[PDB]
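As structure tokens, the structure follows; a few thoughts come after it.
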There are 2 protein chains.
Amino acid sequence: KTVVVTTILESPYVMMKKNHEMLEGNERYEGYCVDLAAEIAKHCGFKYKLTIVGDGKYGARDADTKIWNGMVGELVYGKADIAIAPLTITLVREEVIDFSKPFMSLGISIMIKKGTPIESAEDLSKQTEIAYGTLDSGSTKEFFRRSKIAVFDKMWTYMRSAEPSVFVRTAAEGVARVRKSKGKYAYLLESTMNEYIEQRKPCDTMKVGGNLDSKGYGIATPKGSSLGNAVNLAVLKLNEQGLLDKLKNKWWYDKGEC
Amino acid sequence: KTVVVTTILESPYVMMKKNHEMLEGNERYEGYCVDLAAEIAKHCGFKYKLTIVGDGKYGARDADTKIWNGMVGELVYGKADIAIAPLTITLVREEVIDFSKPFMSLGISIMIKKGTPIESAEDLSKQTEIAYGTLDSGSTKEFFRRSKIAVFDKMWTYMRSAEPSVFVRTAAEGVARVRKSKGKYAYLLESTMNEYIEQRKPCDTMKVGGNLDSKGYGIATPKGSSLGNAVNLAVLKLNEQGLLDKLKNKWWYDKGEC
Ligand SMILES: N[C@@H](Cn1oc(=O)[nH]c1=O)C(=O)O
Ligand SMILES: N[C@@H](Cn1oc(=O)[nH]c1=O)C(=O)O
């Protein structure tokens, strides 16, 4: 009856507030998805609890063990009732869980340290000086693993065998790795996160190239859950009334220090 | 058992082929949505018939008579089995019909005749020399009718009372009206159509401003239809394998004459 919301610490969606040590409950948190849970709760008439996904992951199926990890796994195993996160709508996920219509559009993009002589994914695939990677257990890695597109296939072959490992555990770690690597690491991440960090101190990074694809974040519920109907309605209503646009501006543009 | 596909003549989605008088059946047609029906049919294993919506409309509910017109109405009244069109996912529509996840992202935009001193919706709302409108029975008009945003409210108040009428029956008529009006008409339409016409002869038009909103086209089926599952799966698969990106490039960029 209290709705269990699974979410992920990813700026600016869900962030620890400044006085979070002294705070209790959903009040420890802020960000885009924090706000959005509140709007979705008000419109659906539920009470809820924000919970940070136990393994820190978005969601992959172990092609060995066939087990879902991340927020996807929590929905699959009935550990959460809904996921309110930058969670990418994909086919393999759509086969196991329900998604709202998207609340945000995005595609994979390239983050470089300012001055990095890379304009494109093709640039990246044509060279070996600049290492490049993606996050584990998330849609971006899967994108490169399944790509039949020549350039993205080549990037995948490189990435899966690169030493030391190119993949990172969290986006924050990818982002630090571009920042510390002096131009010798480029990070493959969604446009939305890329654009956010581009407007944050120390202002040393930038999105280059076009988006590599076009996709969306949805609210996810366990397959067949009775919440799914009202939450999808809520999302479309929130979009239509201009509330998702206001919240994007709150969290990205009014948050900008560059 | 033969799937009845409702669609709309809208370039470049569904267009009469050149030798169409001599052609039979689905072979009279080409475009993005023509192709996409074929991909969705192959993946779902159905045979189908393309049919152009009888009233020429996208879909509105008469707030008088409470009756759905357009492709929405054909799905509602069981006159078609699926709609494969630039059909905008909206809440009022989602309450009556089923939508796939989006196959294309877009927002409302402004089309001007080259040299028109308009940069924005705010520009438009601040003046009366340049008339401006939208299509009947479609999501753009509804957008302006329901807007509480100051600038869009003002545009609506203007538009609903403007004489002669600002609204057009078909996008083609909006587009001609910008072309013939010498800069004195600006047309409110989706970005996707706007960007298409911007790359077509006589190259006299342009998209100005940012998008006014962020939405998607979905494949629609009658509420509860048994096709809806497989078609949504097909869309996500088509997106993921890069086929929607190829088809957008086929129909917009390789079609460009400017
Ligand atoms: N939203 C992604 C997580 N992820 O965020 C990125 O910037 N890359 C990436 O894979 C997902 O749902 O898997
Ligand atoms: N996709 C729209 C039709 N329409 O196309 C535009 O460019 N304006 C507009 O209302 C709809 O589904 O209602």
Side-chain angles (χ1 to χ4, degrees), chain A residues 89-102 215-216 218 220-221 223-226 228-229 232-233 235-236, chain B residues 1-8 10 13-14 25-27 29 31-41 43-46 48-55 57-59 68-104 139 215-241 243-244 247:
Chain A
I89 305 173
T90 76
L91 176 68
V92 304
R93 295 172 182 163
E94 184 77 279
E95 287 166 344
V96 298
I97 70 186
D98 282 352
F99 279 107
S100 72
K101 297 318 181 299
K215 51 206 188 180
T221 46
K223 212 173 178 187
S225 159
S226 71
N229 181 254
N232 175 61
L233 294 176
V235 168
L236 299 171
Chain B
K1 188 169 167 65
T2 301
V3 167
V4 194
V5 176
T6 196
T7 202
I8 186 157
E10 204 64 80
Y13 305 99
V14 176
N26 309 331
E27 293 289 318
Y29 313 105
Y32 183 98
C33 286
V34 179
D35 291 345
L36 183 60
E39 293 293 343
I40 288 162
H43 268 283
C44 299
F46 61 72
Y48 69 97
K49 205 185 81 153
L50 304 173
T51 297
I52 306 300
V53 58
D55 59 7
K57 311 166 166 288
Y58 283 93
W68 296 94
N69 61 30
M71 299 186 252
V72 180
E74 310 210 326
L75 255 27
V76 172
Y77 303 111
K79 303 287 193 162
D81 301 310
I82 191 161
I84 313 206
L87 183 76
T88 310
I89 305 173
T90 76
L91 176 68
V92 304
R93 295 172 182 163
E94 184 77 279
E95 287 166 344
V96 298
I97 70 186
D98 282 352
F99 279 107
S100 72
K101 297 318 181 299
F103 58 90
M104 196 172 286
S139 52
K215 51 206 188 180
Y217 297 152
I219 311 300
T221 46
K223 212 173 178 187
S225 159
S226 71
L227 276 177
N229 181 254
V231 303
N232 175 61
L233 294 176
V235 168
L236 299 171
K237 187 181 301 292
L238 294 178
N239 184 48
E240 289 178 29
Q241 99 204 356
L243 182 270
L244 312 181
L247 238 36

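Below, chain A is the first sequence line, B the second, and so on; all start at residue 1. Hydrogens, waters and symmetry mates are skipped; everything else that's a heavy atom, side chains included, is used.
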What heavy-atom pair brings B:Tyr13 and B:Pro86 nearest, and what distance separates the two atoms? CD1-CG, 3.3 Å
Once you round to the nearest 0.5 Å, how far does CG of A:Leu233 lie from CD of B:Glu95? 5.5 Å
So CD1 of B:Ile97 and NZ of B:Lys223: to nearest 0.5 Å the spacing works out to 10.5 Å
What's the verdict on side-chain contact (heavy atoms from CB on, under 4.5 Å) for B:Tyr32 and B:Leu244, showing C-alpha distance, side-chain angles and the deciding distance? CA-CA 9 Å; B:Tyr32 183 98; B:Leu244 312 181; 3.8 Å; yes
Would you check if the side chain of B:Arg93 reaches a backbone N or O of B:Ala220 as a donor-acceptor pair within less than 3.5 Å? no
Rounded to the nearest 0.5 Å, how far apart are OG1 of B:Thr2 and CG of B:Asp81? 9.0 Å
Closest heavy-atom pair, B:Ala83 versus B:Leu75, reported as atoms and distance to 0.1 Å, is N-CD1, 3.8 Å
If every non-hydrogen atom of A:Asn232 is compared with every non-hydrogen atom of B:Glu94, which pair is closest and at what distance? ND2-OE2, 3.0 Å
Taking B:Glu240 for the side chain and A:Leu91 for the main chain, is one N or O donor matched with an acceptor at less than 3.5 Å? yes
Sidechain-backbone polar pair: B:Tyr77 side chain, B:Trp68 backbone, donor-acceptor under 3.5 Å: yes
Going by the side chain to side chain contact (heavy atoms under 4.5 Å, CB included) test, name the single residue among B:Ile40, B:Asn239, B:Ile219 that passes it with B:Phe103. B:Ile219
Could you tell me whether a side-chain N or O of B:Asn26 sits under 3.5 Å from a main-chain N or O of B:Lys49, the two making a donor and an acceptor? no
Taking side chain as C-beta onward, heavy atoms only, is B:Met71 less than 4.5 Å from B:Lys57? no
So, for B:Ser139 and B:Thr90, which heavy atoms are closest and what is the spacing to 0.1 Å? CB-CG2, 3.9 Å
Which of these passes side chain to side chain contact (heavy atoms under 4.5 Å, CB included) with B:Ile82: B:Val5, B:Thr6, B:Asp98? B:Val5
Show, in sequence, the C-alpha distance, side-chain angles and deciding distance for B:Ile8 and B:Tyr58, and conclude whether the side-chain contact (heavy atoms from CB on, under 4.5 Å) test is met. CA-CA 8 Å; B:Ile8 186 157; B:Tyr58 283 93; 3.5 Å; yes
As an exercise, state the distance from OG1 of B:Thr51 to OH of B:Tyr29, rounded to the nearest 0.5 Å. 7.0 Å
Please walk me through it: do B:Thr88 and B:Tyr217 pass side-chain contact (heavy atoms from CB on, under 4.5 Å)? CA-CA 5 Å; B:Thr88 310; B:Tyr217 297 152; 3.6 Å; yes
If you look at every heavy atom in B:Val14 and B:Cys33, which pair is closest and at what distance? CG2-CB, 3.9 Å
Rounded to the nearest 0.5 Å, how far does CG of B:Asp55 lie from CD of B:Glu74? 6.5 Å
Which value, rounded to the nearest 0.5 Å, describes the distance between B:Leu238 atom CG and B:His43 atom NE2? 4.5 Å
Might you point out which heavy atoms bring B:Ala234 and B:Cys44 nearest each other, and give the distance in Å? CB-SG, 4.1 Å
